[PDB]
Amino acid sequence: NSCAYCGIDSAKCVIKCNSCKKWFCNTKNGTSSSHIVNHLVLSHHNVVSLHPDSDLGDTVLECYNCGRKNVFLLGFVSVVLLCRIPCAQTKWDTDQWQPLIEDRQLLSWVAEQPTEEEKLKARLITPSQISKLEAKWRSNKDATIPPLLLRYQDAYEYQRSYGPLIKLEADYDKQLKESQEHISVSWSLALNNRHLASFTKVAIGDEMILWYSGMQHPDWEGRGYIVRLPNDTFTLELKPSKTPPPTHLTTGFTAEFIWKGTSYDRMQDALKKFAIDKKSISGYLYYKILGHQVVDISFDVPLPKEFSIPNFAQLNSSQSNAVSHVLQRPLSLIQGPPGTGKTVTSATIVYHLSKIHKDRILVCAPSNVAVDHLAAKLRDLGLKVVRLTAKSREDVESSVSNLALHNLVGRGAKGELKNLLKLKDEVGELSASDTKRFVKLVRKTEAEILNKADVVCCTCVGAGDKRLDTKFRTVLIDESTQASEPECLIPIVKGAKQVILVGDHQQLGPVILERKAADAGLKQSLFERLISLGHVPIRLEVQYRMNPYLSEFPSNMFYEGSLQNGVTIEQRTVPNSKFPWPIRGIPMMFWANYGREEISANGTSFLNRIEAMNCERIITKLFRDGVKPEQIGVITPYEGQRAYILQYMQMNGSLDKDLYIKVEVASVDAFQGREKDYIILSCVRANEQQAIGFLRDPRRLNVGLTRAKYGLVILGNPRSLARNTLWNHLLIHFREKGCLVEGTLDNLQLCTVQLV
RNA sequence: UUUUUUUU
Ligand SMILES: Nc1ncnc2c1ncn2[C@@H]1O[C@H](COP(=O)(O)OP(=O)(O)O)[C@@H](O)[C@H]1O
Ligand code: ALF
Ligand SMILES: [Mg+2]
Ligand SMILES: [Zn+2]
Ligand SMILES: [Zn+2]
Ligand SMILES: [Zn+2]
């Protein structure tokens, strides 16, 4: 009954985690969070109960209303425990709701701090000891490489360099994002004659393992795939096994989502292909990637009279010369600050390569939304685009769903396949014989569609999909600077002859969880290495996206003031606006909010209720000013804030709820390459320690400031952001303009925080 | 760090 970390034993201090049955105290000791919070965050556990002798007795904390038991959701209204959402928005006194977890530790009346005397039971413990102890419990419940080179002799040395780095990341991801009760199962038989288990971050097809250990039956394990998801029941279709399923058992089952390292697996396969598949890549590109010296090549290619496409953007001379130069090179690097038309230029290039060679082109980006964006532009130019989406996201809403391979299969299909599709939709099921027949026909149809496409669009990793068992001679990777080198390698090692890489090293880099891998240089993109090796990139420096006032800070802070404006204040102003900008003629403002951050539902992210609230007020205000939902974008660094802002407006939106769902809400990272007329930036971070996490990255702020065309509102807490040098420069820049404000939207005042 | 990627 003592804290499994340090040994504190006070009945008023310890908390039981219901999952593993271990006890933890509520003290911050060698840990940024209290020990109980630290355990929940790392282990992904949610449910806790107080000590019997505590001031509240043996009680499992749960919501009075719906009865959920995730502490990261729980708060109290005065007392009554209620979920953050939806229970705390529904109308005792909702407006005074406060979370049980405050400043990364439970409230004192839920779990006290130890007296000095009680603290004596606490053994000296380092952060290291605590960290390794959690890692150890992953398996057992117990107690307390050649460096990246400038030049590679050959592909095998290349592989032995990046390979172990990939594995490090993979192992750390698995240990970090793996998942984890008392499940009641109802059994049935699927038409295909497989066993179905129904019970109780998920998608149909996901592999799971179901197992039982207890006093009703010998140990049993079973693997299967998700075939139905909560509208309230989940349904897992089990694989055929030698040992029959215990269909007579109902309770005491455990289920576990199986971690897939698919992304890392495909990076390794690309590395191996590069070393081993002789048709995987051209000679020029091969040695280029190796870091060798190669004589520059030109393609014998007929140029068009005009590079710009009618009824679309008219390229400036730099963009035009760029497309002219690229059409004849095996390798091209397009570089430039935000909004310089890198993507429009790329779309033009793809368009022209298509007409000249009439040959399939592979188009990629690290993120899904960047892929969609580019696919849309290409479709607008009248190209036959096929968007290959991950199996995981086939049910995800998209702006280019009509281009998705799976939707193309359904549409414009006939005969036996048409029958099997209608049958599967109306019945919801297929027999064994019809399933094998269905799979054969779909593959045949998929191949035929992919083969006749002018362009195939997918994420870099998605390029490693098995459906793409064919050669792609020309590859364009947009936002390539967001990808690690092996990730970029995936689409390039498919018989590539001509490659175009677009990027900006001042915008977001790849996410490397493992610090040793990042230290070893896994953060360096292919785009960057090729440049540091002497490859001269085409540079674009005239920006066409945003009002000149919005480009000022980013230009001076990240691009040595080299970023020019191609559009004017008059081109980026709204003659009839009545939106309460602080200063006439300047469409930006930093609205200081003095809320505090909260830990999100999955225990690993953040949200900010006050910032979310004022976000709804900004949007509603814009609505009143006649600004349309499609013209507004909300970006935030944290997935926790993204989820909350979305749900919150669906409950508290002043106007028609349907208006608010059409307002895009995304993460900063996810939104790179995209733009909106109006942007709301929610910074989220606000705590006593003035810690701001990965907001320290200049490249994340850069992206956050460069999404808007007409207007930008920044919501944030200066008290904590100001400790950071970069953010301090931003606040000061806004203060100098008269745009740093506080108070209520309808009566904004100059911010009073003291900036030095 | 908490963000991108991904499932017969
Ligand atoms: N030559 C041009 N004339 C008019 N608008 C342009 C021109 N070049 C780019 N734009 C536009 O300015 C914005 C940014 O283009 P984009 O390709 O997304 O920039 P980047 O990819 O470098 O971030 C878009 O709204 C786009 O259509
Ligand atoms: F560089 Al961008 F949208 F691709 F600002
Ligand atoms: Mg772009
Ligand atoms: Zn402790
Ligand atoms: Zn636990
Ligand atoms: Zn609830």
Side-chain angles (χ1 to χ4, degrees), chain A residues 32 41-42 44 166 169-170 172-174 192 194 203-206 208-209 223-227 236 238 240 257-267 364-371 388-394 396 435 438-439 442-443 458-465 467 481-484 486 488 490 507-514 517-518 525 597 599-607 635-638 640-643 666-673 684-685 691-695 697 699-700 703-704:
Chain A
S32 53
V41 172
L42 287 164
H44 301 297
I166 300 291
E169 251 293 279
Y172 189 78
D173 181 285
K174 173 171 145 72
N192 65 44
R194 289 188 178 188
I204 82 102
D206 291 14
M208 292 190 68
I209 186 174
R223 275 163 170 261
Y225 313 96
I226 305 179
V227 167
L236 193 298
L238 295 174
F257 287 106
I258 293 157
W259 180 84
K260 301 293 184 179
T262 310
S263 67
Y264 306 104
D265 290 345
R266 294 182 185 173
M267 297 181 195
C364 306
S367 81
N368 275 284
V369 321
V371 171
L388 182 135
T389 64
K391 246 84 172 192
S392 312
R393 308 177 87 260
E394 282 184 7
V396 167
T435 297
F438 177 70
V439 162
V442 157
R443 289 171 178 171
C458 66
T459 58
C460 288
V461 174
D465 188 284
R467 278 114 97 218
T481 32
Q482 267 190 330
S484 71
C488 278
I490 297 166
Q507 299 184 52
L508 285 169
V511 181
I512 314 296
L513 298 306
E514 162 60 48
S525 63
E597 66 189 36
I599 300 182
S600 72
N602 69 349
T604 56
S605 196
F606 304 96
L607 58 85
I635 65 185
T636 184
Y638 296 94
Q641 181 72 337
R642 186 208 60 75
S667 71
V668 172
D669 293 22
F671 213 67
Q672 175 173 339
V684 179
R685 292 308 219 113
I692 66 178
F694 73 169
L695 290 189
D697 194 344
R699 310 201 281 168
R700 180 165 285 94
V703 171

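Side-chain atoms are counted along with the backbone in the values below, which use heavy atoms only and exclude waters and symmetry mates. Each chain gets a letter, A, B and so on, in the order the sequences are listed, and its residues count up from 1.
Nearest nucleotide to the side chain of A:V461, out of B:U2, B:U5, B:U1: B:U5. Listed nucleotides: B:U7, B:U4, B:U2. Nearest to the side chain of A:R685: B:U2. You'll find that the side chain of A:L513 is closest to B:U1, out of B:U1, B:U4, B:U7. Nearest to the side-chain atoms of A:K391 among the listed nucleotides B:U3, B:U6, B:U8 stands B:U8. Side-chain proximity of A:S263 to B:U6, B:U2, B:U3: nearest is B:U6. Proximity note for A:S605 (side chain, C-beta onward) versus B:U2, B:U4, B:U7: the nearest is B:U2.
Pairing each heavy atom of A:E169 with each of A:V511, the nearest pair is OE1-O, 3.9 Å. The two residues A:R266 and A:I490 have their closest heavy-atom pair at O-CG1, 3.7 Å.
Using a 4.0 Å cut-off, no side-chain N or O of A:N368 falls inside it from OP1 or OP2 of B:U4. A sub-4.0 Å separation between OP1 or OP2 of B:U5 and a side-chain N or O of A:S367 is absent. The phosphate of B:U8 has neither OP1 nor OP2 within less than 4.0 Å of any side-chain N or O from A:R467. Between B:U4 and A:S667, a contact under 4.0 Å exists linking OP1 or OP2 to a side-chain N or O. Taking 4.0 angstrom as the limit, A:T459 places none of its side-chain polar atoms (N or O) nearer than this to OP1 or OP2 of B:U5. Between A:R266 and B:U7 there is a side-chain polar atom (N or O) within less than 4.0 angstrom of OP1 or OP2.
Taking atom CG on A:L388 and atom P on B:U6, their separation rounds to 10 Å, with Å as the unit. Note: CG (A:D206) to P (B:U8) measures 10 Å, nearest angstrom. Atom CG of A:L236 is separated from atom P of B:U7 by 17 Å (rounded to the nearest Å). In this entry the distance linking OH of A:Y264 with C1' of B:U7 reads 15 Å, nearest Å. Rounded to a whole Å, the CG atom of A:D265 is 11 Å from the P atom of B:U7. Rounded to an integer number of Å, the gap from CD of A:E169 to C1' of B:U3 is 12 Å. Regarding A:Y225, its OH atom lies at a distance of 13 Å from the P atom of B:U7, rounded to whole Å. We find that CD of A:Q482 is positioned 9 Å from P of B:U5, with the value rounded to whole Å.
Formation of a donor-acceptor pair under 3.5 Å by the A:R642 side chain with backbone atoms of A:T636 is not found in this model. Formation of a donor-acceptor pair under 3.5 Å by the A:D206 side chain with backbone atoms of A:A203 is found in this model.
By the side-chain hydrogen bond (donor to acceptor under 3.5 Å, both in side chains) test, A:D669 is found to be paired with A:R700, residues two or more places apart in sequence or in another chain being considered.
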